[PDB]
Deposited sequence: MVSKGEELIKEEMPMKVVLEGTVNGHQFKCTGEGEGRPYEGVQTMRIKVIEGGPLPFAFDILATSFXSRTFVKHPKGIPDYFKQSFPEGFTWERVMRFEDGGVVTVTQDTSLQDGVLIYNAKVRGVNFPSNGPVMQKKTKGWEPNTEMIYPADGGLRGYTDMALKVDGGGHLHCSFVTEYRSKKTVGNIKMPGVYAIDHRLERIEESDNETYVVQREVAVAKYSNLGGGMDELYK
């Protein structure tokens, strides 16, 4: 199941959704080193652009297959191939904005296929997200707990704003293998340090180039 995940993997992504009623569709090509914990994604806002909202709220939803796990932490994400896995996420911002996500990771002729459905609601008209006054996410740590065949992931994320403040955001993620038959070796409690860095952007953020480093460590 892990032998399918090579030292380099391309990936292709669709992301559809609505934020405060504004409908949109994004596509993405990219690649990385899954055992090194690094990946790059070229994103096009192909429909409903330019978004009346910070692309930062979508950025976290275009890939936990590309996490460097040391020897003694078994990798739930790479074991779930060839079927892949799903994740369901709730994002609560402190200004009242909530996002619900549902993603399907799959594998098709050695390409990783992301399909994500995003539903954001109750963003204040005058807040930093609806006003596009955001400067990316701070580096952070997701706590990983096993949960009856799956994993749950908790992160207290920090979205930088204009004037050098932060808009604090709770991520809760439930990861769930699509392998039913097979002895997936489960981890214990552990932690994933991740750094999402915007590398490029053009045309009122309708083109975005992202790079995430993510390394696992014992907890």
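Missing from the model, relative to the deposited sequence, are the ranges 1 to 4, 67, 225 to 235.
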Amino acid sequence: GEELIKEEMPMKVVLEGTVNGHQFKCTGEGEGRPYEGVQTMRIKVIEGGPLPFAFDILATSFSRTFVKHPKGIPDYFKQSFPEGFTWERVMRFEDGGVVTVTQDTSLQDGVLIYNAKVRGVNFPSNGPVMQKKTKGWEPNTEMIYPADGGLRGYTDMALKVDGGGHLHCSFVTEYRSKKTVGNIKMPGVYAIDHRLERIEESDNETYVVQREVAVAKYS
From here on, numbers count along this sequence of modelled residues.
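Here the stretch with the larger average CA B-factor, out of 177 to 185 and 28 to 36, is 177 to 185. Looking at mean Cα B-factors across 49 to 57 and 163 to 171, the upper value is held by 163 to 171. The deposited CA B-factor of residue 72 belongs to the highest third of values across its chain. Per the deposited record, the Cα B-factor of residue 202 falls in the middle third when ranked against the other modelled residues of its chain. The PDB entry assigns residue 84 a C-alpha temperature factor belonging to the lowest third of its chain's modelled residues. Ranked by Cα temperature factor within the chain, residue 157 sits in the highest third according to the deposited record. Per the PDB record, residue ranking by Cα B-factor puts residue 103 in the middle third of the chain.
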